[PDB]
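Student: File follows, run-v3.cif with mmCIF, C-alpha atoms and all ligand atoms:
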data_run
#
loop_
_atom_site.label_atom_id
_atom_site.label_comp_id
_atom_site.auth_asym_id
_atom_site.auth_seq_id
_atom_site.Cartn_x
_atom_site.Cartn_y
_atom_site.Cartn_z
CA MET A 1 153.01 -119.31 166.42
CA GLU A 2 156.47 -117.87 167.11
CA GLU A 3 157.08 -115.56 170.07
CA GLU A 4 159.64 -112.80 169.86
CA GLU A 5 160.71 -110.53 172.66
CA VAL A 6 161.07 -106.78 171.95
CA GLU A 7 162.53 -104.12 174.19
CA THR A 8 161.56 -100.49 173.72
CA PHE A 9 163.88 -97.77 174.91
CA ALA A 10 163.56 -94.01 175.13
CA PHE A 11 166.18 -91.91 173.49
CA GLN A 12 168.27 -89.81 175.76
CA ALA A 13 166.59 -86.40 175.85
CA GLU A 14 169.06 -84.39 173.78
CA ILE A 15 169.37 -87.17 171.26
CA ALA A 16 165.58 -87.09 170.91
CA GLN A 17 165.76 -83.31 170.45
CA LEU A 18 168.44 -83.68 167.80
CA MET A 19 166.41 -86.31 165.97
CA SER A 20 163.39 -83.96 165.98
CA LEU A 21 165.60 -81.11 164.71
CA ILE A 22 167.04 -83.25 161.91
CA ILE A 23 163.64 -84.56 160.91
CA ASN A 24 161.59 -81.37 161.13
CA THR A 25 163.89 -78.74 159.69
CA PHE A 26 164.84 -78.31 156.09
CA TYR A 27 168.56 -78.69 155.34
CA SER A 28 170.35 -78.48 152.10
CA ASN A 29 173.25 -80.84 151.47
CA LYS A 30 171.43 -83.88 152.90
CA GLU A 31 173.62 -86.12 150.66
CA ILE A 32 176.24 -86.21 153.38
CA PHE A 33 174.14 -88.83 155.19
CA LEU A 34 175.89 -91.44 153.03
CA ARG A 35 179.37 -90.16 153.91
CA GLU A 36 178.44 -90.63 157.56
CA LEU A 37 177.29 -94.22 157.01
CA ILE A 38 180.39 -95.15 154.98
CA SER A 39 182.62 -93.49 157.57
CA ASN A 40 181.02 -95.47 160.40
CA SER A 41 181.36 -98.66 158.36
CA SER A 42 185.04 -97.89 157.68
CA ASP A 43 185.59 -97.41 161.42
CA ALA A 44 183.94 -100.76 162.18
CA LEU A 45 186.01 -102.46 159.51
CA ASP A 46 189.18 -100.95 161.10
CA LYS A 47 188.11 -102.50 164.42
CA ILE A 48 187.87 -106.03 163.06
CA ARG A 49 190.98 -105.59 160.89
CA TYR A 50 193.08 -104.71 163.93
CA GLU A 51 191.51 -107.32 166.16
CA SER A 52 192.28 -110.01 163.51
CA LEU A 53 195.99 -109.19 163.36
CA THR A 54 196.47 -110.87 166.72
CA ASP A 55 193.54 -113.29 166.52
CA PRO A 56 192.93 -114.51 162.94
CA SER A 57 189.99 -116.61 164.19
CA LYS A 58 187.96 -113.39 164.61
CA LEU A 59 187.73 -113.61 160.83
CA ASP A 60 186.13 -117.17 160.97
CA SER A 61 182.84 -115.23 160.53
CA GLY A 62 184.05 -113.71 157.26
CA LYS A 63 187.45 -112.78 155.88
CA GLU A 64 186.44 -110.08 153.42
CA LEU A 65 186.42 -106.51 154.82
CA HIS A 66 184.18 -104.40 152.61
CA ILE A 67 181.13 -102.25 152.24
CA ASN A 68 178.10 -102.93 150.04
CA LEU A 69 175.51 -100.31 148.99
CA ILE A 70 172.14 -101.77 148.04
CA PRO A 71 169.47 -99.41 146.75
CA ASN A 72 166.05 -101.01 146.38
CA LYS A 73 163.59 -98.95 144.36
CA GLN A 74 160.78 -101.43 145.02
CA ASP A 75 160.63 -100.91 148.74
CA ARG A 76 162.32 -97.53 148.73
CA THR A 77 165.21 -98.59 150.91
CA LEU A 78 168.92 -97.90 150.76
CA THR A 79 170.95 -100.54 152.63
CA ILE A 80 174.54 -100.13 153.59
CA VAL A 81 176.19 -103.40 154.70
CA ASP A 82 179.70 -103.75 156.17
CA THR A 83 181.62 -106.73 157.47
CA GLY A 84 183.04 -104.71 160.34
CA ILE A 85 183.27 -105.80 163.96
CA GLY A 86 179.51 -105.55 164.60
CA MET A 87 177.67 -104.54 167.78
CA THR A 88 176.45 -106.58 170.73
CA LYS A 89 172.97 -106.00 172.12
CA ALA A 90 174.41 -103.80 174.86
CA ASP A 91 176.29 -101.81 172.20
CA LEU A 92 173.10 -101.10 170.32
CA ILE A 93 171.25 -99.99 173.46
CA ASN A 94 174.14 -97.85 174.67
CA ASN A 95 175.58 -96.52 171.41
CA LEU A 96 172.38 -95.99 169.50
CA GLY A 97 170.38 -93.87 171.80
CA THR A 98 170.27 -94.32 175.50
CA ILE A 99 173.68 -92.80 176.49
CA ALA A 100 174.17 -89.05 176.14
CA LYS A 101 176.69 -87.90 173.54
CA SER A 102 178.84 -84.96 174.43
CA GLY A 103 178.49 -83.33 171.00
CA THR A 104 174.67 -83.26 170.82
CA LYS A 105 174.11 -79.90 172.48
CA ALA A 106 176.95 -78.17 170.65
CA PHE A 107 175.70 -79.52 167.40
CA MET A 108 172.08 -78.45 167.91
CA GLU A 109 173.30 -74.98 168.70
CA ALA A 110 175.62 -74.88 165.64
CA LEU A 111 172.78 -76.06 163.37
CA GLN A 112 170.25 -73.67 164.78
CA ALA A 113 172.72 -70.90 164.06
CA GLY A 114 173.06 -71.97 160.42
CA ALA A 115 175.96 -74.48 160.37
CA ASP A 116 175.79 -76.77 157.38
CA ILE A 117 174.41 -80.23 158.20
CA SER A 118 177.72 -81.61 156.86
CA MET A 119 179.24 -80.58 160.17
CA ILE A 120 177.36 -83.37 161.98
CA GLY A 121 180.16 -85.96 161.69
CA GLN A 122 182.54 -83.72 163.67
CA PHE A 123 180.12 -83.74 166.58
CA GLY A 124 180.02 -87.53 166.95
CA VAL A 125 176.30 -87.69 166.13
CA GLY A 126 176.69 -88.44 162.41
CA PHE A 127 174.67 -91.64 162.69
CA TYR A 128 171.53 -89.49 163.15
CA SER A 129 172.07 -87.82 159.73
CA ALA A 130 170.26 -90.91 158.40
CA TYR A 131 167.00 -89.11 159.43
CA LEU A 132 167.67 -86.35 156.91
CA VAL A 133 166.62 -88.85 154.30
CA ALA A 134 164.95 -91.73 156.12
CA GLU A 135 161.64 -91.90 157.96
CA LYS A 136 162.72 -95.17 159.60
CA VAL A 137 166.16 -96.72 160.15
CA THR A 138 166.81 -100.36 161.02
CA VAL A 139 170.33 -101.46 162.09
CA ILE A 140 170.96 -105.20 161.97
CA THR A 141 174.23 -106.22 163.50
CA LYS A 142 176.28 -109.30 164.39
CA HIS A 143 179.32 -109.30 166.59
CA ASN A 144 181.47 -112.41 167.09
CA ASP A 145 180.48 -112.34 170.87
CA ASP A 146 176.69 -112.07 170.50
CA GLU A 147 173.64 -113.19 168.51
CA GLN A 148 172.36 -111.07 165.60
CA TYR A 149 170.24 -108.15 166.76
CA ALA A 150 167.98 -105.53 165.14
CA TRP A 151 167.60 -101.97 166.30
CA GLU A 152 164.94 -99.79 164.78
CA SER A 153 163.49 -96.31 165.11
CA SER A 154 161.15 -93.98 163.33
CA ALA A 155 162.22 -91.27 165.74
CA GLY A 156 159.32 -90.01 167.94
CA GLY A 157 161.53 -90.58 170.94
CA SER A 158 161.85 -94.37 171.12
CA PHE A 159 163.71 -97.22 169.51
CA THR A 160 163.40 -100.96 169.78
CA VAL A 161 165.90 -103.77 170.01
CA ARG A 162 165.19 -107.40 169.34
CA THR A 163 167.05 -110.59 168.36
CA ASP A 164 167.05 -110.61 164.58
CA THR A 165 165.18 -113.50 163.04
CA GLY A 166 166.03 -112.33 159.47
CA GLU A 167 168.85 -113.59 157.17
CA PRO A 168 171.98 -114.36 159.14
CA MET A 169 174.96 -112.11 158.52
CA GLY A 170 178.35 -113.52 159.16
CA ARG A 171 179.59 -110.51 161.13
CA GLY A 172 179.10 -106.81 160.62
CA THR A 173 176.31 -104.26 160.43
CA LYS A 174 173.59 -103.57 157.93
CA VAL A 175 171.84 -100.22 158.04
CA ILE A 176 168.49 -100.09 156.21
CA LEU A 177 167.24 -96.60 155.43
CA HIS A 178 163.51 -96.50 154.66
CA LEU A 179 163.64 -93.35 152.62
CA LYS A 180 161.24 -90.44 152.82
CA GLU A 181 159.14 -90.15 149.68
CA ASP A 182 160.92 -86.99 148.55
CA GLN A 183 164.39 -88.53 148.96
CA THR A 184 164.29 -91.25 146.30
CA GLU A 185 167.17 -89.73 144.35
CA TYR A 186 169.40 -91.73 146.73
CA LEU A 187 168.22 -94.93 145.10
CA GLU A 188 169.65 -93.90 141.73
CA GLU A 189 172.92 -95.36 140.68
CA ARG A 190 174.30 -92.14 139.21
CA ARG A 191 173.47 -90.16 142.33
CA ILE A 192 174.95 -92.70 144.65
CA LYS A 193 178.13 -92.83 142.57
CA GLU A 194 178.25 -89.03 142.54
CA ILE A 195 178.03 -88.70 146.27
CA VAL A 196 180.46 -91.52 146.99
CA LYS A 197 182.92 -89.87 144.62
CA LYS A 198 182.30 -86.44 146.11
CA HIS A 199 182.45 -87.44 149.80
CA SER A 200 183.88 -90.92 150.32
CA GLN A 201 186.96 -91.17 148.22
CA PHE A 202 189.51 -92.29 150.82
CA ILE A 203 187.79 -95.28 152.34
CA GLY A 204 190.41 -97.91 152.65
CA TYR A 205 187.97 -100.78 152.06
CA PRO A 206 186.35 -101.85 148.81
CA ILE A 207 182.85 -100.50 148.29
CA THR A 208 180.51 -102.15 145.83
CA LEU A 209 177.24 -100.72 144.57
CA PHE A 210 174.65 -103.41 143.78
CA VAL A 211 172.08 -102.23 141.27
CA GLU A 212 168.93 -104.20 140.50
CA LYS A 213 168.62 -104.64 136.76
CA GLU A 214 166.01 -102.40 135.24
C1 LIG B 301 182.10 -103.20 173.01
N1 LIG B 301 181.68 -103.02 171.57
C2 LIG B 301 181.79 -101.60 171.25
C3 LIG B 301 181.26 -101.37 169.83
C4 LIG B 301 182.06 -102.18 168.82
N2 LIG B 301 181.33 -102.05 167.56
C5 LIG B 301 181.38 -100.94 166.81
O1 LIG B 301 182.03 -99.93 167.08
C6 LIG B 301 180.56 -100.95 165.58
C7 LIG B 301 180.05 -99.82 164.94
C8 LIG B 301 179.30 -100.24 163.84
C9 LIG B 301 178.57 -99.41 162.88
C10 LIG B 301 178.64 -99.74 161.55
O2 LIG B 301 179.42 -100.77 161.12
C11 LIG B 301 178.00 -98.94 160.61
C12 LIG B 301 177.21 -97.88 161.05
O3 LIG B 301 176.55 -97.11 160.17
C13 LIG B 301 177.09 -97.57 162.40
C14 LIG B 301 177.80 -98.36 163.32
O4 LIG B 301 177.71 -98.15 164.64
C15 LIG B 301 177.72 -96.90 165.15
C16 LIG B 301 176.74 -96.68 166.12
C17 LIG B 301 176.70 -95.44 166.72
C18 LIG B 301 177.57 -94.46 166.30
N3 LIG B 301 177.45 -93.24 166.97
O5 LIG B 301 176.35 -92.82 167.31
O6 LIG B 301 178.50 -92.67 167.24
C19 LIG B 301 178.56 -94.67 165.33
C20 LIG B 301 178.63 -95.93 164.72
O7 LIG B 301 179.39 -101.57 163.78
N4 LIG B 301 180.22 -102.05 164.91
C21 LIG B 301 182.03 -103.69 169.21
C22 LIG B 301 182.56 -103.80 170.67
#
What does the file become when written as structure tokens?
Ligand SMILES: CN1CCC(NC(=O)c2cc(-c3c(O)cc(O)cc3Oc3ccc([N+](=O)[O-])cc3)on2)CC1
Tutor:
Amino acid sequence: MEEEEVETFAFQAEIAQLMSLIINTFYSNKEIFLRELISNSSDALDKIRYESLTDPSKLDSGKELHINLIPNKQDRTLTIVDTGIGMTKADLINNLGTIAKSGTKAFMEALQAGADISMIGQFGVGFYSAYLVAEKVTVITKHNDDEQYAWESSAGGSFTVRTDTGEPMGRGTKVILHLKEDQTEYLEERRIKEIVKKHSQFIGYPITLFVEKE
């Protein structure tokens, strides 16, 4: 029998409030969740690109800087993979839920008052837009300085972090959105292409959509 250690963390209170607001309120324009993922991937890819200019060995773990979109209609997941700089364990714990974000309160107030959900990116809390469409999010990540880790949450106020025993990634971050049953349009090729074209046209890294043959 294998033994695996898990650590469970509480979300910072306002982040938990925001997650409940995002999950339990209807919003139109939920398609912007993908813009937010691609934008975060692009930022991570920038980080490794710049780091590699001085230290080409930081690319030992993979030279290609790109984003892959992987819809899976069998398990109702949409996976966004990038070969950006990746996150350490401490980064996941800190950056994905335990540390307050200065934009969370302002954003909840904006939203309450009728701001379009598209505004979320501006408030620095765009990652949480995943919960517009997903009931559960898993973030698997590998930084050159750390082992591969998995973060996961179904909201409800906690997340977990564990060493990832799944398929090794060279470097980068994979976000797996377990979509809500009414949000399966985001597994369709045409819809994904539509929303990438509408919202993610100036990503300066290649993006490839992988479509399972029907
Ligand atoms: C010290 N650490 C600091 C963090 C550095 N890594 C990254 O920035 C990073 C981000 C991602 C990264 C990613 O490649 C895709 C994503 O969809 C989300 C990511 O991380 C984020 C986590 C939180 C937030 N947020 O809430 O604002 C935004 C992005 O992968 N690597 C690595 C060095």
Student: Need the axis-aligned box for ligand LIG 301 (chain B) with 5 Å each side, so what are the centre and edges in Å to one decimal, as AutoDock Vina command-line options?
Tutor:
--center_x 179.5 --center_y -98.2 --center_z 166.6 --size_x 16.2 --size_y 21.1 --size_z 22.8
Student: So how far away is atom CA of residue A:180 from atom CA of residue A:102, in Å?
Tutor: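 Answer for the atom CA of residue A:102 to atom CA of residue A:180 separation: 28.4 Å.
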Student: Grab me every residue within 6 Å of ligand LIG 301 (chain B), counting only C-alpha atoms and all ligand atoms, and send it over as number ranges by chain.
Tutor: A: 37, 40-41, 44, 82, 84-87, 91, 95-96, 124-125, 127, 173
Student: In Å, rounded to a single decimal, give me how far atom CA of residue A:176 is from atom CA of residue A:12.
Tutor: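 According to the coordinates, atom CA of residue A:12 and atom CA of residue A:176 are separated by 22.1 Å.
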Student: In terms of the shortest atom-to-atom distance over only C-alpha atoms, which of A:76, A:90, A:169, A:49 is closest to residue A:181?
Tutor: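 The closest residue to residue A:181 is A:76.
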Student: Using only C-alpha atoms, which of the listed residues (A:202, A:11, A:131, A:210) sits closest to residue A:189?
Tutor: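 Ranking A:202, A:11, A:131, A:210 by distance to residue A:189, first place goes to A:210.
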Student: Quick one: of A:60, A:107, A:164, A:4, who's nearest to residue A:129, counting only C-alpha atoms?
Tutor: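 Closest candidate: A:107.
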Student: So how many Å separate atom CA of residue A:112 and atom CA of residue A:133, to one decimal?
Tutor: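 Spanning atom CA of residue A:112 to atom CA of residue A:133 is a straight-line distance of 18.8 Å.
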Student: Counting all atoms listed in the file, which residue out of A:175, A:59, A:130, A:22 sits closest to residue A:150?
Tutor: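 Using all atoms listed in the file, the shortest distance to residue A:150 belongs to A:175.
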Student: Between A:51, A:167, A:14, A:31, which is the closest to residue A:104 once you count only C-alpha atoms?
Tutor: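 That would be A:14, the residue with the smallest distance to residue A:104.
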Student: For a quick check of understanding, using only C-alpha atoms, which of A:211, A:1, A:10, A:92 has the smallest distance to residue A:146?
Tutor: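 Of A:211, A:1, A:10, A:92, the one nearest residue A:146, counting only C-alpha atoms, is A:92.
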Student: Skip residue A:155 itself and residues of its chain fewer than 2 positions away, then list as a ChimeraX atom specification all residues within 8 Å of it, counting only C-alpha atoms.
Tutor: /A:16,19-20,135-136,153,157-159
Student: Write out, as a short mmCIF file (atom, residue, chain, number, x, y, z; two decimals), in the coordinates of the input, the residues just selected, with C-alpha atoms.
Tutor:
data_model
loop_
_atom_site.label_atom_id
_atom_site.label_comp_id
_atom_site.auth_asym_id
_atom_site.auth_seq_id
_atom_site.Cartn_x
_atom_site.Cartn_y
_atom_site.Cartn_z
CA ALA A 16 165.58 -87.09 170.91
CA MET A 19 166.41 -86.31 165.97
CA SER A 20 163.39 -83.96 165.98
CA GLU A 135 161.64 -91.90 157.96
CA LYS A 136 162.72 -95.17 159.60
CA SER A 153 163.49 -96.31 165.11
CA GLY A 157 161.53 -90.58 170.94
CA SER A 158 161.85 -94.37 171.12
CA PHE A 159 163.71 -97.22 169.51
#
Student: Write out as a list in words the residues lying within 8 Å of residue A:160, counting all atoms listed in the file and excluding same-chain residues fewer than 5 positions away.
Tutor: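 Listing them by chain and then by number gives residues 6, 7, 8, 9, 150, 151, 152 and 153 of chain A.
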